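Below you'll find the structure, written out as structure tokens, and then a few comments.
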Amino acid sequence: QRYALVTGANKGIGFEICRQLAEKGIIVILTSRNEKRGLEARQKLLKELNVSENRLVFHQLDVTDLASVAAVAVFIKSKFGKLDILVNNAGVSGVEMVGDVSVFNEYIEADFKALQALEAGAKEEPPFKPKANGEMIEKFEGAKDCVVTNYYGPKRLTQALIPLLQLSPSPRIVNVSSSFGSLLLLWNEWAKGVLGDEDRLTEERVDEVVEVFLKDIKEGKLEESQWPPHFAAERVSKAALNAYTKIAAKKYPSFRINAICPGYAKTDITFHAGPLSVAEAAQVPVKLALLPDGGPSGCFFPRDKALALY
Ligand SMILES: NC(=O)c1ccc[n+]([C@@H]2O[C@H](COP(=O)([O-])OP(=O)(O)OC[C@H]3O[C@@H](n4cnc5c(N)ncnc54)[C@H](OP(=O)(O)O)[C@@H]3O)[C@@H](O)[C@H]2O)c1
Ligand SMILES: CC1=C(C=O)C(C)(C)CCC1
């Protein structure tokens with residue numbers, strides 16, 4: 001019997017990760033920061049799955065609350081005694097929209113094009129301003145929430161769950177990341193060098209990168225300090241997550257710990273734009289959660305590479 005914990009599972013990709021893992025016979029701990037949303041999600045998913053009540057368990061979990069993190073570990077130890085799969089899916093964007101919310105999607109599409117060009121050898125991300133009558137506002141509070149949810153959350157939950165995962169015969173961690181964490185998009189040369197220097201990577205060095213970023217946005221210095229012009233907190237947080245994925249895979253060599261991009265999928269975070277359904281997106285993290293023993297660890301996989309792994 002295998003047990004999987006999925007964070008941010010009341011909606012979006014995380015909800016579908018729960019569906020797909022439960023369909024594979026894994027006992028799923030569906031977690032969410034809001035109790036009512038998570039209980040309702042469990043009820044809906046249990047109905048749709050049409051399976052026995054024991055297949056899907058709810059527990060509260062806010063990945064930014066250290067008490068909540070500790071209590072979920074106590075719960076798993078008492079009820080199940082081990083954990084086999086951790087999916088760090090919860091995430092936020094750090095952006096507030098003013099006006100036409102579809103500007104958010106315009107930025108995503110611009111960024112995908114920029115990434116493709118940079119991966120093909122171009123040396124700069126083109127400036128971009130949107131067409132529609134909206135704007136993405138990126139303030140300190142949202143940036144802090146993004147880093148704490150998207151980077152410290154997976155780090156702290158991983159750390160809290162090591163003892164339980166160590167009791168699995170095939171421990172798996174999947175970090176739902178983004179191709180926008182690419183160092184090519186990070187702008188900050190110091191941070192790119194630190195995160196890119198894999199042999200010297202430590203948790204302390206990654207923490208320093210994200211804390212320097214937060215101080216800069218607090219002080220209104222994002223441009224002058226060479227951070228991204230937009231999606232700054234998202235990019236920093238996913239880059240940091242990718243780096244922590246490598247750190248953790250090295251520290252816990254018997255585990256398989258990987259980061260993925262699920263693809264651009266219609267969820268609340270994207271204002272329900274993007275080519276993929278939530279069910280399609282969840283195929284990616286589920287693929288890495290079910291990776292056979294001996295498979296890659298410490299890697300970042302975009303969607304098509306993840307799905308081709310086996
Ligand atoms: N959709 C895409 O195109 C896309 C692409 C690449 C990567 N991703 C990643 O996919 C992940 C899932 O996002 P989504 O697209 O499914 O968006 P979503 O529909 O907004 O779902 C986000 C989930 O994260 C939960 N969450 C936020 N803060 C949390 C916290 N502190 N503690 C616990 N749960 C928290 C949210 O709960 P509430 O309901 O309480 O807010 C929600 O359940 C994210 O990490 C995102 O970065 C998405
Ligand atoms: C990393 C990133 C996100 C989460 O994956 C979006 C899709 C919410 C906006 C673009 C930057």
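Please note that chains go A, B, ... in the order of the structure tokens, that every chain numbers its residues from 1, and that ligands are numbered from 1 in the order shown.
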Please return as a VMD selection string: the residues of range 74-251 of chain A that backbone DSSP assigns to strand (DSSP E). chain A and resid 85 to 88 96 to 99 134 to 137 172 to 176
Dump as a compact mmCIF listing (two decimals), in the first residue's frame, selection limited to C-alpha atoms:
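Result went into selection-v2.txt, see below:
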# COMPACT_ATOMS: atom_id res chain seq x y z
CA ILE A 85 4.87 10.20 -2.49
CA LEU A 86 4.92 13.93 -1.77
CA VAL A 87 3.65 16.28 -4.48
CA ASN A 88 4.49 19.91 -3.78
CA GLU A 96 -2.45 41.49 -8.63
CA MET A 97 -4.37 42.38 -11.79
CA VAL A 98 -5.75 45.82 -12.51
CA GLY A 99 -8.17 46.08 -15.41
CA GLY A 134 -4.85 45.85 -17.88
CA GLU A 135 -1.66 45.62 -15.92
CA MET A 136 0.12 43.16 -13.62
CA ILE A 137 1.02 44.77 -10.31
CA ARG A 172 9.15 10.09 -4.35
CA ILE A 173 8.96 13.89 -4.28
CA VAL A 174 7.57 15.87 -7.20
CA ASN A 175 7.89 19.64 -7.18
CA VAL A 176 5.43 21.33 -9.51
Per residue of chain A within 6 Å of ligand 1, what are the shortest atom pair and its distance in Å to one decimal, counting only C-alpha atoms and all ligand atoms, with rows by chain and residue number, as a Markdown table?
| residue | atom | partner | partner_atom_place_in_ligand_line | distance |
| --- | --- | --- | --- | --- |
| A:7 | CA | ligand 1 | 34 (N) | 5.8 |
| A:8 | CA | ligand 1 | 43 (O) | 3.5 |
| A:9 | CA | ligand 1 | 43 (O) | 4.7 |
| A:10 | CA | ligand 1 | 43 (O) | 4.6 |
| A:11 | CA | ligand 1 | 43 (O) | 4.8 |
| A:12 | CA | ligand 1 | 16 (O) | 3.5 |
| A:13 | CA | ligand 1 | 16 (O) | 3.8 |
| A:14 | CA | ligand 1 | 16 (O) | 5.7 |
| A:32 | CA | ligand 1 | 34 (N) | 5.1 |
| A:33 | CA | ligand 1 | 33 (C) | 4.5 |
| A:34 | CA | ligand 1 | 40 (O) | 5.6 |
| A:61 | CA | ligand 1 | 33 (C) | 5.7 |
| A:62 | CA | ligand 1 | 32 (N) | 3.5 |
| A:63 | CA | ligand 1 | 32 (N) | 4.2 |
| A:64 | CA | ligand 1 | 31 (N) | 4.9 |
| A:89 | CA | ligand 1 | 45 (O) | 4.7 |
| A:90 | CA | ligand 1 | 24 (O) | 3.5 |
| A:91 | CA | ligand 1 | 45 (O) | 3.6 |
| A:92 | CA | ligand 1 | 27 (C) | 5.3 |
| A:149 | CA | ligand 1 | 31 (N) | 5.2 |
| A:176 | CA | ligand 1 | 45 (O) | 5.2 |
| A:177 | CA | ligand 1 | 7 (C) | 5.3 |
| A:178 | CA | ligand 1 | 6 (C) | 4.7 |
| A:261 | CA | ligand 1 | 6 (C) | 5.3 |
| A:262 | CA | ligand 1 | 6 (C) | 5.5 |
| A:263 | CA | ligand 1 | 5 (C) | 5.3 |
| A:264 | CA | ligand 1 | 3 (O) | 3.4 |
| A:265 | CA | ligand 1 | 3 (O) | 3.8 |
| A:266 | CA | ligand 1 | 1 (N) | 5.6 |
| A:267 | CA | ligand 1 | 19 (O) | 4.4 |
| A:268 | CA | ligand 1 | 19 (O) | 4.3 |
| A:269 | CA | ligand 1 | 20 (O) | 4.0 |
| A:270 | CA | ligand 1 | 1 (N) | 5.7 |
How about saving the chosen residues, N, CA, C and O atoms kept, as a compact mmCIF listing (two decimals), in the first residue's frame?
# COMPACT_ATOMS: atom_id res chain seq x y z
N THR A 7 -0.23 18.76 -2.03
CA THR A 7 -0.54 20.07 -1.49
C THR A 7 -1.33 20.88 -2.51
O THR A 7 -1.27 20.66 -3.72
N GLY A 8 -2.10 21.84 -2.00
CA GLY A 8 -2.90 22.67 -2.87
C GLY A 8 -3.79 21.85 -3.77
O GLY A 8 -3.81 22.02 -5.00
N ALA A 9 -4.60 20.98 -3.16
CA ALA A 9 -5.32 19.95 -3.87
C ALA A 9 -6.82 20.17 -3.92
O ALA A 9 -7.53 19.29 -4.44
N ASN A 10 -7.32 21.31 -3.41
CA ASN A 10 -8.75 21.56 -3.49
C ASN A 10 -9.22 21.97 -4.86
O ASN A 10 -10.41 21.92 -5.12
N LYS A 11 -8.33 22.35 -5.74
CA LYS A 11 -8.72 22.77 -7.07
C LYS A 11 -7.51 22.67 -7.98
O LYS A 11 -6.42 22.33 -7.56
N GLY A 12 -7.74 22.99 -9.25
CA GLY A 12 -6.68 23.09 -10.23
C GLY A 12 -5.97 21.77 -10.44
O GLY A 12 -6.54 20.68 -10.35
N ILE A 13 -4.70 21.90 -10.81
CA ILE A 13 -3.90 20.73 -11.13
C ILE A 13 -3.85 19.75 -9.97
O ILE A 13 -3.89 18.53 -10.18
N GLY A 14 -3.73 20.27 -8.74
CA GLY A 14 -3.57 19.40 -7.57
C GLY A 14 -4.76 18.47 -7.37
O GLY A 14 -4.61 17.30 -7.00
N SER A 32 -5.37 20.92 1.79
CA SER A 32 -5.67 22.28 1.38
C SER A 32 -5.60 23.20 2.57
O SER A 32 -5.75 22.78 3.71
N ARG A 33 -5.31 24.46 2.29
CA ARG A 33 -5.13 25.40 3.39
C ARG A 33 -6.45 25.75 4.06
O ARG A 33 -6.48 26.01 5.27
N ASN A 34 -7.54 25.83 3.28
CA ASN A 34 -8.86 26.09 3.80
C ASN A 34 -9.58 24.76 4.01
O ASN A 34 -9.73 23.96 3.07
N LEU A 61 -3.68 21.70 5.32
CA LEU A 61 -2.26 22.02 5.19
C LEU A 61 -2.09 23.34 4.47
O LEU A 61 -2.47 23.48 3.30
N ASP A 62 -1.55 24.30 5.19
CA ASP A 62 -1.09 25.56 4.62
C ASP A 62 0.43 25.50 4.68
O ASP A 62 1.03 25.43 5.77
N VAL A 63 1.05 25.48 3.51
CA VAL A 63 2.48 25.26 3.41
C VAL A 63 3.30 26.44 3.89
O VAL A 63 4.54 26.32 3.96
N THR A 64 2.65 27.56 4.22
CA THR A 64 3.33 28.72 4.78
C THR A 64 3.20 28.82 6.29
O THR A 64 3.75 29.76 6.89
N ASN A 89 2.60 20.86 -4.90
CA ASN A 89 1.83 21.47 -5.96
C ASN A 89 1.35 22.88 -5.63
O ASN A 89 1.25 23.72 -6.52
N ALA A 90 1.04 23.16 -4.37
CA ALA A 90 0.55 24.48 -4.02
C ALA A 90 1.46 25.58 -4.59
O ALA A 90 2.67 25.51 -4.51
N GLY A 91 0.85 26.66 -5.05
CA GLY A 91 1.60 27.79 -5.54
C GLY A 91 0.69 28.97 -5.80
O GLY A 91 -0.52 28.80 -6.00
N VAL A 92 1.28 30.15 -5.73
CA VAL A 92 0.62 31.41 -6.06
C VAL A 92 1.51 32.22 -6.98
O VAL A 92 2.71 32.01 -7.06
N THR A 149 5.33 30.63 -0.31
CA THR A 149 4.51 29.50 -0.73
C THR A 149 5.25 28.58 -1.68
O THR A 149 5.18 27.36 -1.55
N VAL A 176 6.09 20.75 -8.35
CA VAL A 176 5.43 21.33 -9.51
C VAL A 176 6.02 22.72 -9.71
O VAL A 176 5.74 23.67 -8.97
N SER A 177 6.86 22.83 -10.73
CA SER A 177 7.64 24.03 -10.98
C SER A 177 7.18 24.65 -12.28
O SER A 177 6.01 24.49 -12.67
N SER A 178 8.08 25.34 -12.96
CA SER A 178 7.73 26.00 -14.21
C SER A 178 8.97 26.14 -15.03
O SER A 178 10.04 26.40 -14.49
N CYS A 261 7.40 20.84 -15.21
CA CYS A 261 6.47 21.83 -15.75
C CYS A 261 5.30 21.04 -16.30
O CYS A 261 5.53 20.16 -17.16
N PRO A 262 4.06 21.30 -15.84
CA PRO A 262 2.92 20.51 -16.29
C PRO A 262 2.40 20.92 -17.64
O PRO A 262 1.56 20.19 -18.20
N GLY A 263 2.83 22.08 -18.15
CA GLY A 263 2.28 22.70 -19.33
C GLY A 263 1.38 23.84 -18.92
O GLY A 263 1.03 23.99 -17.75
N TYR A 264 0.94 24.61 -19.90
CA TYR A 264 0.11 25.78 -19.67
C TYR A 264 -1.34 25.35 -19.68
O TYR A 264 -1.87 24.91 -20.70
N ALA A 265 -1.96 25.42 -18.52
CA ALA A 265 -3.23 24.76 -18.27
C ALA A 265 -4.26 25.72 -17.70
O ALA A 265 -3.96 26.65 -16.96
N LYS A 266 -5.51 25.44 -17.99
CA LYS A 266 -6.61 26.32 -17.59
C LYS A 266 -6.97 26.13 -16.12
O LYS A 266 -7.64 25.16 -15.75
N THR A 267 -6.51 27.04 -15.27
CA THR A 267 -6.82 26.99 -13.85
C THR A 267 -7.05 28.42 -13.35
O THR A 267 -6.87 29.41 -14.10
N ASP A 268 -7.42 28.56 -12.07
CA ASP A 268 -7.61 29.91 -11.55
C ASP A 268 -6.35 30.76 -11.69
O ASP A 268 -6.44 31.97 -11.91
N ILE A 269 -5.17 30.14 -11.58
CA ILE A 269 -3.95 30.94 -11.57
C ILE A 269 -3.73 31.57 -12.94
O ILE A 269 -3.07 32.61 -13.06
N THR A 270 -4.26 30.96 -14.00
CA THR A 270 -4.09 31.48 -15.36
C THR A 270 -5.37 32.12 -15.87
O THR A 270 -5.50 32.39 -17.07
Leaving out residue 60 in chain A and any residue of its chain fewer than 2 positions from it, which residues lie within 12 Å of it when counting only C-alpha atoms, given as a PDB file with C-alpha atoms, in the first residue's frame?
ATOM      1  CA  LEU A   5       0.235  13.649  -0.076  1.00  0.00           C
ATOM      2  CA  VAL A   6      -0.671  16.404  -2.500  1.00  0.00           C
ATOM      3  CA  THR A   7      -0.543  20.072  -1.486  1.00  0.00           C
ATOM      4  CA  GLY A   8      -2.896  22.666  -2.871  1.00  0.00           C
ATOM      5  CA  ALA A   9      -5.324  19.952  -3.873  1.00  0.00           C
ATOM      6  CA  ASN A  10      -8.749  21.560  -3.486  1.00  0.00           C
ATOM      7  CA  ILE A  29      -4.081  12.546   1.304  1.00  0.00           C
ATOM      8  CA  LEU A  30      -5.793  15.515  -0.344  1.00  0.00           C
ATOM      9  CA  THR A  31      -4.661  18.657   1.501  1.00  0.00           C
ATOM     10  CA  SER A  32      -5.672  22.279   1.379  1.00  0.00           C
ATOM     11  CA  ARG A  33      -5.132  25.402   3.388  1.00  0.00           C
ATOM     12  CA  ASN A  34      -8.861  26.094   3.801  1.00  0.00           C
ATOM     13  CA  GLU A  35     -10.651  23.267   5.608  1.00  0.00           C
ATOM     14  CA  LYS A  36     -14.056  23.808   4.018  1.00  0.00           C
ATOM     15  CA  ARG A  37     -12.647  23.955   0.482  1.00  0.00           C
ATOM     16  CA  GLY A  38     -10.648  20.805   1.067  1.00  0.00           C
ATOM     17  CA  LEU A  39     -13.520  18.866   2.631  1.00  0.00           C
ATOM     18  CA  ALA A  41     -13.058  18.884  -2.765  1.00  0.00           C
ATOM     19  CA  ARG A  42     -12.694  15.491  -1.131  1.00  0.00           C
ATOM     20  CA  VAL A  57      -8.278  11.244   3.084  1.00  0.00           C
ATOM     21  CA  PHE A  58      -8.443  14.972   3.806  1.00  0.00           C
ATOM     22  CA  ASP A  62      -1.090  25.561   4.623  1.00  0.00           C
ATOM     23  CA  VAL A  63       2.485  25.260   3.414  1.00  0.00           C
ATOM     24  CA  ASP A  65       2.264  27.860   8.359  1.00  0.00           C
ATOM     25  CA  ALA A  67       2.346  24.530  12.764  1.00  0.00           C
ATOM     26  CA  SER A  68       0.222  23.250   9.878  1.00  0.00           C
ATOM     27  CA  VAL A  69       3.261  21.582   8.314  1.00  0.00           C
ATOM     28  CA  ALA A  70       4.251  19.929  11.579  1.00  0.00           C
ATOM     29  CA  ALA A  71       0.722  18.714  12.252  1.00  0.00           C
ATOM     30  CA  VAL A  72       0.351  17.029   8.882  1.00  0.00           C
ATOM     31  CA  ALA A  73       3.507  15.014   9.589  1.00  0.00           C
ATOM     32  CA  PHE A  75      -1.085  12.954  11.295  1.00  0.00           C
ATOM     33  CA  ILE A  76       0.612  10.854   8.621  1.00  0.00           C
TER      34      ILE A  76
END
Mind dumping a table of every range 132-189 of chain A residue within 9 Å of range 112-119 of chain A, with the nearest atom pair and its distance in Å to one decimal, using only C-alpha atoms, sorted by chain and rising number, as CSV?
residue,atom,partner,partner_atom,distance
A:179,CA,A:115,CA,8.3
A:180,CA,A:115,CA,7.7
A:182,CA,A:115,CA,8.1
A:184,CA,A:118,CA,6.6
A:185,CA,A:115,CA,7.0
Any idea what's packed within 8 Å of range 188-196 of chain A, counting only C-alpha atoms, ignoring anything in its chain fewer than 5 positions away? Could you give it as number ranges by chain? A: 183, 201, 205-206, 209, 225-228, 239-240, 243
How would the residues just chosen look if you wrote them out with N, CA, C and O atoms as a CSV table (one decimal), in the first residue's frame?
chain,number,residue,atom,x,y,z
A,183,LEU,N,17.1,29.6,-15.6
A,183,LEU,CA,18.0,30.7,-15.3
A,183,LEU,C,18.1,31.7,-16.5
A,183,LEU,O,18.5,32.8,-16.3
A,201,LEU,N,26.0,24.3,-4.6
A,201,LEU,CA,24.6,24.6,-4.1
A,201,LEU,C,24.4,24.1,-2.7
A,201,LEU,O,24.7,23.0,-2.4
A,205,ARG,N,22.7,29.1,0.3
A,205,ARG,CA,23.0,29.9,-0.8
A,205,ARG,C,21.7,30.2,-1.5
A,205,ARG,O,21.5,31.3,-2.0
A,206,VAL,N,20.7,29.3,-1.7
A,206,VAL,CA,19.5,29.5,-2.3
A,206,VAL,C,18.6,30.5,-1.5
A,206,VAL,O,18.0,31.4,-2.0
A,209,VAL,N,19.7,34.0,-2.1
A,209,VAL,CA,19.2,34.5,-3.3
A,209,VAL,C,17.8,35.1,-3.2
A,209,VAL,O,17.5,36.2,-3.6
A,225,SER,N,18.6,46.4,-9.5
A,225,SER,CA,19.3,45.2,-9.0
A,225,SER,C,19.2,44.1,-10.0
A,225,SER,O,19.6,43.0,-9.7
A,226,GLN,N,18.6,44.3,-11.2
A,226,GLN,CA,18.8,43.3,-12.3
A,226,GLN,C,17.9,42.1,-12.1
A,226,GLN,O,18.3,41.0,-12.4
A,227,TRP,N,16.7,42.3,-11.5
A,227,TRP,CA,15.7,41.2,-11.5
A,227,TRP,C,14.8,41.3,-12.7
A,227,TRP,O,14.8,42.3,-13.4
A,228,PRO,N,14.0,40.2,-12.9
A,228,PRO,CA,13.1,40.2,-14.1
A,228,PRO,C,12.1,41.4,-14.1
A,228,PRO,O,11.7,41.8,-13.1
A,239,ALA,N,12.8,29.2,-9.9
A,239,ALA,CA,14.3,28.9,-10.0
A,239,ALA,C,14.8,28.3,-8.7
A,239,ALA,O,15.6,27.4,-8.7
A,240,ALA,N,14.5,29.0,-7.5
A,240,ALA,CA,14.9,28.5,-6.2
A,240,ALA,C,14.4,27.1,-6.0
A,240,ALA,O,15.1,26.2,-5.4
A,243,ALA,N,16.5,24.6,-7.9
A,243,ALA,CA,17.8,24.4,-7.2
A,243,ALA,C,17.6,23.6,-6.0
A,243,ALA,O,18.5,22.7,-5.7
Which residue gives the smallest distance to ligand 2 among A:229, A:142, A:94, A:295, with only C-alpha atoms and all ligand atoms counted?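 Ranking A:229, A:142, A:94, A:295 by distance to ligand 2, first place goes to A:94.
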Can you tell me how far CA of residue 306 in chain A sits from CA of residue 288 in chain A, in Å to one decimal?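 Computing the Euclidean distance for CA of residue 306 in chain A and CA of residue 288 in chain A yields 7.2 Å.
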Can you work out the spacing between CA of residue 145 in chain A and CA of residue 256 in chain A in Å, to one decimal?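 If I compute the distance from CA of residue 145 in chain A to CA of residue 256 in chain A, I get 27.7 Å.
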